[PDB]
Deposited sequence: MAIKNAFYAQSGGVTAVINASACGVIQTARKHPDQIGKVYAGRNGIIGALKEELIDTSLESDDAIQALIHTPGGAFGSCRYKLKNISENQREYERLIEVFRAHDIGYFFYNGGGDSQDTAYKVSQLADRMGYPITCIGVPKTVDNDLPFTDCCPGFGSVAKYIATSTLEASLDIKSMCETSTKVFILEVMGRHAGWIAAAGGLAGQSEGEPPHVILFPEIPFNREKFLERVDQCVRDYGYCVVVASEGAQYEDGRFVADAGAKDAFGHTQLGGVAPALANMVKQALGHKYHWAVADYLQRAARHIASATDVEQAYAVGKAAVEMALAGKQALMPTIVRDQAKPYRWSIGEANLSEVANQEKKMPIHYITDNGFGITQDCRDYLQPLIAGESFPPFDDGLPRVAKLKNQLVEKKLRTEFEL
């Protein structure tokens, strides 16, 4: 029970590989407690199909590269007997450590593995590493990955705004930028960090937490174009009533109803892969939770998820705390309404106090020939052992 198994889960992030780096590098700093670090090819599917990547065959440099490369270096999946097969392949490979890096579902399943492992007489210390661009995990200040998209959305909103503002007298006067966020508006909220007073961008932020009042929307925008000269709205894909992609939908609304020239963009995967403008504090934290999960497992702790704790709002200070996987599931983290302005289309000062520090600092990745440098892993498989196995 000396090797460790690391796997990613759910949608990838611009810094989820930073976590992988934090976990892998510290594991290598304890050869007397942990042997090889195996990575699940394409997530737990990898463990299930017994496709284990031997990350020990990877040079220190490559591993170091992980902190400035987006996506999932080993691959991920959204996949949610199976538990029995996980322990069968873990013990066959001397795996006593299970580091599961993902959203809520992941944390829960990590816990269950822990339960079955004991039951079957095969303890395996399982520590989950937080990961969510939606920032909806509980018992943590922020979720690794969000800080970076927040910075991206805020920057993108600020830049597009300066553009529109430049020619709103002649050309387009309404710009809509559709961002991620189906049930949570944390991402859309980051857009408000672009402007700090009233009259400056973004004029409208569509939160999925606030039902869409077409009449209130159409009149706020119209009011903006003829007061400030233009209007930029940051709408999350989760715009709903009690849906609507969204960008073009609203654009059509303003056109047929206000006649203003519009423009829209849809960042999609761009926002969660923009490692070029990642948040330093975010990649810093992505690394830390990975290191702390390997440390908690060394200290002999069990079934925990590392956390980020805000030890100080003023001059923002943070550190890593702990949380019981057992309770991570069936809790979540909803965006507190007192974060949204009464207009329903704005962020409040309490929300700025929370976000602003999260996007602090820049962690530009190194650049080679004009482009960002990326990992480049061997990702070689270990020699099978079991006798095959199908999934659902």
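Where are the holes in the model when you compare it to the deposited sequence?
Deposited residues absent from the model fall in 1 to 2, 83 to 90, 253 to 254, 257 to 272.
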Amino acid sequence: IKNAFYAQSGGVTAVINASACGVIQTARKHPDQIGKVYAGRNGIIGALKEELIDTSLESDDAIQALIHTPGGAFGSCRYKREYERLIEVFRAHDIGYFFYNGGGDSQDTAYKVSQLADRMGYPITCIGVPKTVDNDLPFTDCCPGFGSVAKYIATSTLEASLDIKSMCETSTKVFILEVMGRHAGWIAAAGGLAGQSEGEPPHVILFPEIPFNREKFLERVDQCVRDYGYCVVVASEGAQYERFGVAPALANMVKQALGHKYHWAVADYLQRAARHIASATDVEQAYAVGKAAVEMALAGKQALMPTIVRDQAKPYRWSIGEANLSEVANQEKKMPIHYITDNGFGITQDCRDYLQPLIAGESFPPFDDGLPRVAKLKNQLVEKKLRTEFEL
From here on, numbers count along this sequence of modelled residues.
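Between 49 to 57 and 33 to 41, name whichever shows the higher mean Cα B factor according to the PDB entry.
Looking at the record's C-alpha B-factors, the answer is 33 to 41.
Mean C-alpha B-factor comparison - 206 to 214 and 287 to 295, higher one:
Between 287 to 295 and 206 to 214, it is 206 to 214.
Have a look at 157, 76, 101, 223 and flag the one whose Cα has the highest B-factor in the entry.
Among 157, 76, 101, 223, the PDB entry lists the largest C-alpha B-factor for 223.
Which listed residue, 302, 170, 279, 161, has the largest C-alpha temperature factor in the record?
Within the set 302, 170, 279, 161, 170 shows the top C-alpha B-factor.
Can you tell me whether residue 130 has a C-alpha B-factor in the lowest, middle or highest third compared with the other modelled residues of the same chain?
Answer is middle: the recorded C-alpha B-factor places it there.
Sorting the chain's CA B-factors, does residue 324 end up in the lowest, middle or highest third?
Answer is middle: the recorded C-alpha B-factor places it there.
Could you look up the Cα B-factor of residue 344 in the entry and say which third of the chain it sits in: lowest, middle or highest?
It falls in the middle third of the chain.
Please rank the C-alpha B-factors of the chain's modelled residues and tell me whether residue 268 sits in the lowest, middle or highest third.
For residue 268, the deposited C-alpha B-factor lands in the lowest third.
If you rank the chain by CA B-factor, which third does residue 178 end up in: lowest, middle or highest?
Within its chain, residue 178 is a lowest-third residue by C-alpha B-factor, going by the deposited values.
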